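Visitor: Input: one structure, supplied below.
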Protein chains: 4
Amino acid sequence: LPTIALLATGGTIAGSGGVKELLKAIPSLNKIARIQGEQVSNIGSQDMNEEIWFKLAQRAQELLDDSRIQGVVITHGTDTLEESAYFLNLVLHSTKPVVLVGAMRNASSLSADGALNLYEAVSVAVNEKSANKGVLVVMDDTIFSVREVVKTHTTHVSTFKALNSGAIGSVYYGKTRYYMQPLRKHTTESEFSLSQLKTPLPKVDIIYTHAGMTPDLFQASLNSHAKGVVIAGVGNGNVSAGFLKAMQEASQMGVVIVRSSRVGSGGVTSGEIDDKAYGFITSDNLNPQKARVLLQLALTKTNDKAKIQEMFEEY
Amino acid sequence: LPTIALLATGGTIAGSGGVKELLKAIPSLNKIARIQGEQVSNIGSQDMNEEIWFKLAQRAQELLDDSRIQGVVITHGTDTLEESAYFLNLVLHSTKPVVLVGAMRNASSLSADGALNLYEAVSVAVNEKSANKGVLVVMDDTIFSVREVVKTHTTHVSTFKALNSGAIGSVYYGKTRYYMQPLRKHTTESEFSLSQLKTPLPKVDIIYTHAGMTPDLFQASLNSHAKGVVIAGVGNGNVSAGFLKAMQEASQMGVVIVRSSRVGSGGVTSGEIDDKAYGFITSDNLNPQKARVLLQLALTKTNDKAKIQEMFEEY
Amino acid sequence: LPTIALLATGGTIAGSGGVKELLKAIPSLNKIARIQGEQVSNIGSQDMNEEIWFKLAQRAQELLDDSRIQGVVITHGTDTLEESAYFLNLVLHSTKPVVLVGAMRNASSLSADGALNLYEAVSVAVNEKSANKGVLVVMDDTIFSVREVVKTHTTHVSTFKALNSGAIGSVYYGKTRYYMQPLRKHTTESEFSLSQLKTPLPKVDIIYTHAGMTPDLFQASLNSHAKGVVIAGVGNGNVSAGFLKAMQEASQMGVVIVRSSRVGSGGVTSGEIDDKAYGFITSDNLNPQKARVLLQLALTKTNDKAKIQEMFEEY
Amino acid sequence: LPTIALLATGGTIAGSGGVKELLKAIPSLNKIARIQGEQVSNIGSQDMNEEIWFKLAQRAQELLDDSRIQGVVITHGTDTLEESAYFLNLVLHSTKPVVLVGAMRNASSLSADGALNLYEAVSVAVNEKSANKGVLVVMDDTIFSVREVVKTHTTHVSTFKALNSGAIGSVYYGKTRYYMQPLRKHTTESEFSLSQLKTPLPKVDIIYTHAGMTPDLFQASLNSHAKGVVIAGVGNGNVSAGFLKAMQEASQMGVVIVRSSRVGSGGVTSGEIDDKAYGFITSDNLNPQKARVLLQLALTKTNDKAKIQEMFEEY
Ligand SMILES: N[C@@H](CC(=O)O)C(=O)O
Ligand SMILES: N[C@@H](CC(=O)O)C(=O)O
Ligand SMILES: N[C@@H](CC(=O)O)C(=O)O
Ligand SMILES: N[C@@H](CC(=O)O)C(=O)O
């Protein structure tokens, strides 16, 4: 049987009222792979931070570099799973499958979703076709690419969706089928690597907008020495006149400003705002939290606005 | 023919490269109603603020109180339309139809959506069945209730959706059908009224959350004398341990804290956070920007957490 | 505790590799209601037929008429659940809650969905607010009205959706909230009643359409003495020229022809076809299988096309 | 400028109350391509048939083989556009872009969608990145692959969706971005070619199922010398016991039986039906009308059930 490393971080999948505990609860896993489990952390994903991301990434890369390891499965809380998944997609250098999985119902709930989710996740990680597709997220019988996947609902077991594109494949009781290949750069084609990164990453805040908005929190972010700011703008990345004036002054001072959107789907374009006039960056179709991940990494490399915009076009 | 008042505020529906200009561009409107048009403002809805909301609401109420006016149509930019619509739903006291409408493509675009949107909006406002349903939003052949409607995409003409419930009716080239009646309190059943409200409304900020979150912007909001704060939490209104400690201290000091979600749909429940232990409010299934509207209004009446939670259950 | 009758018919909820078996498997049910269980049938819902519908409806009505019964829960396979639910919505005369529930994963599956589905279903049936809302379907933490609900996916646990409107409420671990009230006639306001109905119901076939369509199967339906035919037309109920000519001749001969759509959502309108010229009926926004249910019932009352079209506008 | 051939077939895009008429109505097209227009037919797509498909395919292939032609755009009614698109995806042998486009509102409607749809379609056809992606469908600012795209609503301008996967790219006022590459075989990798095909194609009927189903129409299809039958089954391709017995006898007699689903999305699996025991084929995640297209083509090559099932796994 193929050897799979299972890296546990915590989350509702391990919620109750770590490894293993899991594996012990699903003996059928032993028919499809040899599992090498370890505990990376034991937290709710609401407490996920850079220190854990780096520990997780370093350990994953070490295992991926081992010729005896065929793939890696990571159990993770669902709340920030989309952020961890995108971070790993950009920093891991391997063609072997890396699969994140969680659960929306705690392990002792009636009709808990975790057991079958974990069973498919392992099935996807051992499949030959899962290679070279970047970091994957397997939830609710569906296979998503890391760039595209978002948590869309507070409580539904089907909360994960790819709002701009769609799922790249399906998995039903272990049977895996792919229909689509992601085109944006990932993993081995990424210019980012762990050996070139150090904690802390550059500070990047996210500012929310609404009717009657004022730039006071935006100014507070600048005062706190933010190196970049992602704006969750209204509609197509829009902001009030007063907000725009503050953004212009910030960008002139060398703070990198990214226009994203609070709406949840679709690309941000120039149009009502002339981004080239002020040196702003548009966040493609990434939501604010994924735009922050890419911007934090970009800022370790460069402050050049043209180069950063190119990264948003490629990743 | 029935008399309809048309109140124009600006937006992409009146975008190019006010009244009327519109009406002049759609002569077929004269077959279905007598239109009394006026300009309330001429702004992008990204610049919407309390001063305009109050001017708009006062004028709408005056017209609704006139026995010669059968209904009111308001043209508005799409970016903050969901916020204005919910504000009006809570402060207008009439059973007559009030309909908001906008356009996603500017008036001089190929295949501009505004003309047909405005034609249906007027058709809905003159329909007898449109009475007693609260404030309505008509976009892309669909009729939505003000509480439920959200802009979900940056650029699509079908951007408006009701993610938690659904549309209450359809309108196709003026032909109107209703299938559902909203149950949450609105308009005439609302405890809020214009004669009891004054500008400025209590200050309420919205704080976004993400992996590696820190309460620094939250603290800045407190320092700026916010009376309430809406948290756009991860998943089911969740926050990091450090954030929770700051929220606890704030609530003890008398600042009203509402747990909402960044995810975009679903209700926020107690569960991982014991709201009753700390005096926090959960925002039902309202997104952060609509939760802010209700909280601003609540704070003109009371600071009592139990009473505010009841408002989130009723409105 | 309130008394609830549980009527079991079969389905994947009782699938393995009847009552009770269920109840025995979920002891927490005893804390919320006194359950009176009985087996109406034990079949896959793919084998559902009129004989079982009548047995089920008669038994449900008898129980609903009993002052000791507070509500009725019916366990049913998911494949034809939307058809049974709509049939009951039209023939049961009671204001007490009737709730249908099923499961997408068999009872011995990892992460089986049936237990929690049944727990909520019972919770909805005992809730005072569930009265006067017509027949309800509870699946995957969601409450749907019988007219609107459709199975949209072959295998997903979240397969049920209301594509034209939306869910009327939510239920999360027994906690029930309603947001919308259905407006189309149901239950006590229905003109159909069991005491006026006999098996067999009038024969109604459904004909599918596609590119290169020919009316040969349509003709076979006529030859088999169909009293009505529902056409699952392309787009807005459309058919080829040759098909239209056959439909015209059929309608002239007294066969009732209903134009529905294969597409899955939206209302069918006159437009490319002048229904009034030929005496055709349009199926509102009902899909072909629900249009068949209403037409079968209509045909027990009348053959008058104007009266049948009015039924499609009211139910 | 690049030369694009525009092949017009009819449809609502050319509806009123052919070429050009179109082009004449959109002069901005001349800035992006040299257009060579011709009329292939002038029909509603509800009247689409094999004779027109073959004329259209032959003409498209001839143009694609011309070194002076950079791409082909086909205007088509929306009702059967998904069927024509999939047929062309399987029979055209070229890496050059072939793009189908239509309109949901007639050309003289307020806010007609056709002009901007056609402008993007041409923009996609001239883009270098559009090559090698199979046949494309461009509607409502979105780029879909031919295998995946379905019409889901009777009247909405956003009616086209890819329910199992998602859109492969976006186009906004001519600006094109791709995010995904289709993996199933198409165009140059297809084993089907025009030079090996003749009209009429083998007869294949589609049978709809519902509660109280009987195999009478299925038998009528056999009597009409159908070579294959696609069943639009309930849920996961399911049928009544009586229907299954008829299907078994048919398959034993050499008629090829494909289990599809009426539900609209998801793959059909073996499970409740042992397909291998009876020689049935499952239609992957194709809906009944697209399964019919592939089966008609399969039957020109072979009657071998194993080989036909492999085609459903590859195309
Ligand atoms: N708060 C939990 C939610 C979950 O896992 O579903 C976490 O993200 O760890
Ligand atoms: N920014 C514009 C967008 C629109 O109207 O579509 C506004 O909201 O006024
Ligand atoms: N074929 C099964 C499917 C299910 O229940 O999920 C039935 O409808 O009985
Ligand atoms: N019946 C028309 C519908 C459309 O084009 O939108 C056709 O398919 O030709």
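Please note that chains go A, B, ... in the order of the structure tokens, that every chain numbers its residues from 1, and that ligands are numbered from 1 in the order shown.
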May I have all residues of region 148-213 of chain D that DSSP, computed from the backbone, assigns to helix (DSSP H, G or I), given as a list in words?
Guide: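 So the helix (DSSP H, G or I) residues in region 148-213 of chain D would be residues 187, 188, 189, 194, 195 and 196 of chain D.
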Visitor: Convert the current residue selection to file output with N, CA and C atoms, as a CSV table (one decimal), in the first residue's frame.
Guide:
```csv
chain,number,residue,atom,x,y,z
D,187,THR,N,-12.4,17.6,-29.8
D,187,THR,CA,-11.9,18.1,-31.1
D,187,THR,C,-10.8,17.2,-31.6
D,188,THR,N,-9.6,17.7,-31.7
D,188,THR,CA,-8.5,16.9,-32.3
D,188,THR,C,-8.2,15.5,-31.6
D,189,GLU,N,-8.6,15.4,-30.4
D,189,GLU,CA,-8.3,14.1,-29.7
D,189,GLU,C,-9.5,13.2,-29.8
D,194,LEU,N,-16.2,13.8,-39.2
D,194,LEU,CA,-17.2,14.0,-40.2
D,194,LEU,C,-17.2,13.0,-41.4
D,195,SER,N,-16.0,12.7,-41.9
D,195,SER,CA,-15.8,11.9,-43.0
D,195,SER,C,-16.2,10.4,-42.8
D,196,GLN,N,-16.5,10.1,-41.6
D,196,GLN,CA,-16.9,8.7,-41.2
D,196,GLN,C,-18.4,8.7,-40.8
```
Visitor: Which residues, written as an NGL selection string, have at least one atom at most 10 Å from residue 298 (chain C), with only C-alpha atoms counted and residues fewer than 6 positions away on the same chain left out?
Guide: :C and (191-192 or 202 or 292 or 304 or 307-309 or 311-312)
Visitor: Can you write out the residues you just picked, keeping N, CA, C and O atoms, as a CSV table (one decimal), in the first residue's frame?
Guide:
```
chain,number,residue,atom,x,y,z
C,191,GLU,N,-59.2,23.0,-3.2
C,191,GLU,CA,-60.5,22.5,-3.7
C,191,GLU,C,-60.5,21.0,-3.8
C,191,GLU,O,-61.6,20.4,-4.1
C,192,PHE,N,-59.4,20.3,-3.7
C,192,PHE,CA,-59.3,18.9,-3.9
C,192,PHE,C,-59.4,18.2,-2.5
C,192,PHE,O,-58.8,18.7,-1.5
C,202,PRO,N,-56.7,10.1,-13.6
C,202,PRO,CA,-56.6,10.1,-15.1
C,202,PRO,C,-55.1,10.0,-15.6
C,202,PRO,O,-54.2,10.5,-14.9
C,292,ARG,N,-47.5,17.4,-13.7
C,292,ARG,CA,-48.3,16.2,-13.9
C,292,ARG,C,-49.3,15.9,-12.7
C,292,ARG,O,-50.4,15.5,-12.9
C,304,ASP,N,-62.2,21.7,-18.8
C,304,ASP,CA,-62.3,23.1,-19.3
C,304,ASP,C,-60.9,23.7,-19.2
C,304,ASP,O,-60.4,23.9,-18.1
C,307,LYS,N,-60.4,26.9,-16.8
C,307,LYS,CA,-60.5,26.5,-15.4
C,307,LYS,C,-59.1,25.8,-15.0
C,307,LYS,O,-58.6,26.1,-13.9
C,308,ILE,N,-58.6,25.0,-15.9
C,308,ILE,CA,-57.3,24.3,-15.6
C,308,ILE,C,-56.1,25.3,-15.5
C,308,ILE,O,-55.3,25.3,-14.7
C,309,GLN,N,-56.1,26.3,-16.5
C,309,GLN,CA,-55.1,27.4,-16.4
C,309,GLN,C,-55.2,28.2,-15.1
C,309,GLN,O,-54.2,28.4,-14.5
C,311,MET,N,-56.1,27.0,-12.3
C,311,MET,CA,-55.5,26.1,-11.2
C,311,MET,C,-54.0,26.3,-11.2
C,311,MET,O,-53.4,26.4,-10.1
C,312,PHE,N,-53.4,26.3,-12.4
C,312,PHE,CA,-51.9,26.6,-12.4
C,312,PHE,C,-51.5,28.0,-11.9
C,312,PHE,O,-50.3,28.1,-11.5
```
Visitor: Please check the contacts: residues of chain B at most 7 Å away from chain D, using only C-alpha atoms, listed as a PDB file with N, CA and C atoms, in the first residue's frame.
Guide:
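Result file follows (result.pdb):
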```pdb
ATOM      1  N   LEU B 110     -23.316  48.962 -24.702  1.00  0.00           N
ATOM      2  CA  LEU B 110     -24.063  47.935 -25.444  1.00  0.00           C
ATOM      3  C   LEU B 110     -24.838  47.092 -24.429  1.00  0.00           C
ATOM      4  N   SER B 111     -26.069  46.718 -24.770  1.00  0.00           N
ATOM      5  CA  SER B 111     -26.870  45.816 -23.916  1.00  0.00           C
ATOM      6  C   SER B 111     -27.023  46.306 -22.460  1.00  0.00           C
ATOM      7  N   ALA B 112     -27.219  47.614 -22.295  1.00  0.00           N
ATOM      8  CA  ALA B 112     -27.422  48.209 -20.963  1.00  0.00           C
ATOM      9  C   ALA B 112     -28.686  47.636 -20.311  1.00  0.00           C
ATOM     10  N   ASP B 113     -28.609  47.310 -19.017  1.00  0.00           N
ATOM     11  CA  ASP B 113     -29.727  46.651 -18.294  1.00  0.00           C
ATOM     12  C   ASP B 113     -30.757  47.578 -17.636  1.00  0.00           C
ATOM     13  N   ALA B 115     -32.840  50.148 -18.649  1.00  0.00           N
ATOM     14  CA  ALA B 115     -34.163  50.478 -19.201  1.00  0.00           C
ATOM     15  C   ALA B 115     -35.227  49.458 -18.793  1.00  0.00           C
ATOM     16  N   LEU B 116     -34.965  48.182 -19.063  1.00  0.00           N
ATOM     17  CA  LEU B 116     -35.927  47.132 -18.704  1.00  0.00           C
ATOM     18  C   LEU B 116     -36.078  46.986 -17.179  1.00  0.00           C
ATOM     19  N   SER B 158     -26.893  39.836 -12.973  1.00  0.00           N
ATOM     20  CA  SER B 158     -27.691  39.025 -12.022  1.00  0.00           C
ATOM     21  C   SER B 158     -27.070  38.989 -10.611  1.00  0.00           C
TER      22      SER B 158
END
```
Visitor: Around ligand 2, at most 7 Å away and counting only C-alpha atoms and all ligand atoms, which residues are there? Put them as number ranges by chain, please.
Guide: A: 235, 238; B: 10-13, 43-46, 76-80, 102-105
Visitor: Those residues you just picked out, can you put them in a file as an mmCIF file, in the first residue's frame with N, CA and C atoms?
Guide:
```cif
data_model
loop_
_atom_site.group_PDB
_atom_site.id
_atom_site.type_symbol
_atom_site.label_atom_id
_atom_site.label_comp_id
_atom_site.auth_asym_id
_atom_site.auth_seq_id
_atom_site.Cartn_x
_atom_site.Cartn_y
_atom_site.Cartn_z
ATOM 1 N N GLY A 235 -19.210 46.717 -4.149
ATOM 2 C CA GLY A 235 -19.311 46.353 -5.564
ATOM 3 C C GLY A 235 -17.940 46.067 -6.170
ATOM 4 N N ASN A 238 -15.123 49.559 -4.997
ATOM 5 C CA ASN A 238 -15.347 51.006 -4.849
ATOM 6 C C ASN A 238 -15.313 51.511 -3.416
ATOM 7 N N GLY B 10 -28.927 58.935 -8.101
ATOM 8 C CA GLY B 10 -27.680 58.664 -8.870
ATOM 9 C C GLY B 10 -27.439 57.185 -9.246
ATOM 10 N N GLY B 11 -26.170 56.771 -9.271
ATOM 11 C CA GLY B 11 -25.829 55.383 -9.618
ATOM 12 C C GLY B 11 -25.585 55.106 -11.101
ATOM 13 N N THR B 12 -25.069 53.901 -11.385
ATOM 14 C CA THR B 12 -24.746 53.450 -12.760
ATOM 15 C C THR B 12 -25.954 53.497 -13.709
ATOM 16 N N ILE B 13 -27.164 53.347 -13.158
ATOM 17 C CA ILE B 13 -28.408 53.502 -13.939
ATOM 18 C C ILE B 13 -28.480 54.874 -14.613
ATOM 19 N N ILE B 43 -25.313 61.055 -6.894
ATOM 20 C CA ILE B 43 -24.030 60.493 -6.466
ATOM 21 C C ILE B 43 -23.923 59.019 -6.827
ATOM 22 N N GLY B 44 -22.686 58.529 -6.860
ATOM 23 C CA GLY B 44 -22.451 57.088 -6.842
ATOM 24 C C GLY B 44 -22.850 56.594 -5.459
ATOM 25 N N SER B 45 -23.426 55.404 -5.370
ATOM 26 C CA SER B 45 -23.851 54.891 -4.056
ATOM 27 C C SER B 45 -22.676 54.551 -3.134
ATOM 28 N N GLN B 46 -21.452 54.485 -3.671
ATOM 29 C CA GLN B 46 -20.254 54.385 -2.804
ATOM 30 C C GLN B 46 -20.087 55.615 -1.885
ATOM 31 N N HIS B 76 -31.085 53.993 -7.705
ATOM 32 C CA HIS B 76 -29.998 54.010 -6.714
ATOM 33 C C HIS B 76 -28.844 53.217 -7.314
ATOM 34 N N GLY B 77 -27.599 53.616 -7.031
ATOM 35 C CA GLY B 77 -26.434 52.780 -7.419
ATOM 36 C C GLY B 77 -26.497 51.402 -6.763
ATOM 37 N N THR B 78 -25.913 50.390 -7.397
ATOM 38 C CA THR B 78 -26.053 49.037 -6.850
ATOM 39 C C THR B 78 -25.126 48.741 -5.656
ATOM 40 N N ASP B 79 -24.029 49.495 -5.506
ATOM 41 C CA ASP B 79 -23.002 49.113 -4.505
ATOM 42 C C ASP B 79 -23.530 49.072 -3.059
ATOM 43 N N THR B 80 -24.335 50.063 -2.662
ATOM 44 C CA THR B 80 -24.839 50.079 -1.289
ATOM 45 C C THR B 80 -26.373 50.000 -1.247
ATOM 46 N N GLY B 102 -31.710 49.586 -9.784
ATOM 47 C CA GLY B 102 -30.456 50.147 -10.300
ATOM 48 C C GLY B 102 -30.064 49.465 -11.595
ATOM 49 N N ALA B 103 -28.805 49.637 -12.009
ATOM 50 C CA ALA B 103 -28.312 48.998 -13.235
ATOM 51 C C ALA B 103 -26.860 48.643 -13.035
ATOM 52 N N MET B 104 -26.448 47.492 -13.574
ATOM 53 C CA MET B 104 -25.060 47.027 -13.475
ATOM 54 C C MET B 104 -24.184 47.488 -14.653
ATOM 55 N N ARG B 105 -24.819 47.905 -15.742
ATOM 56 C CA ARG B 105 -24.116 48.411 -16.927
ATOM 57 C C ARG B 105 -24.521 49.867 -17.137
#
```
Visitor: Give me the residues near region 31-38 of chain C as a list in words, where near means some atom within 7 Å (using only C-alpha atoms) and where sequence neighbours in that chain fewer than 3 positions away do not count.
Guide: residues 1, 2, 3, 4, 5, 6, 7, 8, 19 and 28 of chain C
Visitor: Between CA of residue 99 (chain B) and CA of residue 297 (chain B), what is the distance in Å, rounded to a tenth?
Guide: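 Atom-to-atom, CA of residue 99 (chain B) to CA of residue 297 (chain B), that is 21.5 Å.
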Visitor: Could you pull out the strand (DSSP E or B) residues of region 147-177 of chain B from DSSP and send them as a PyMOL selection string?
Guide: chain B and resi 150-151+153+160-161+166+169-172+175-177
Visitor: Quick one: residues within 7 Å of residue 167 (chain A), only C-alpha atoms counted, chain neighbours fewer than 2 positions away excluded, as a list in words?
Guide: residues 142, 143, 144, 162 and 169 of chain A; 165 and 166 of chain D
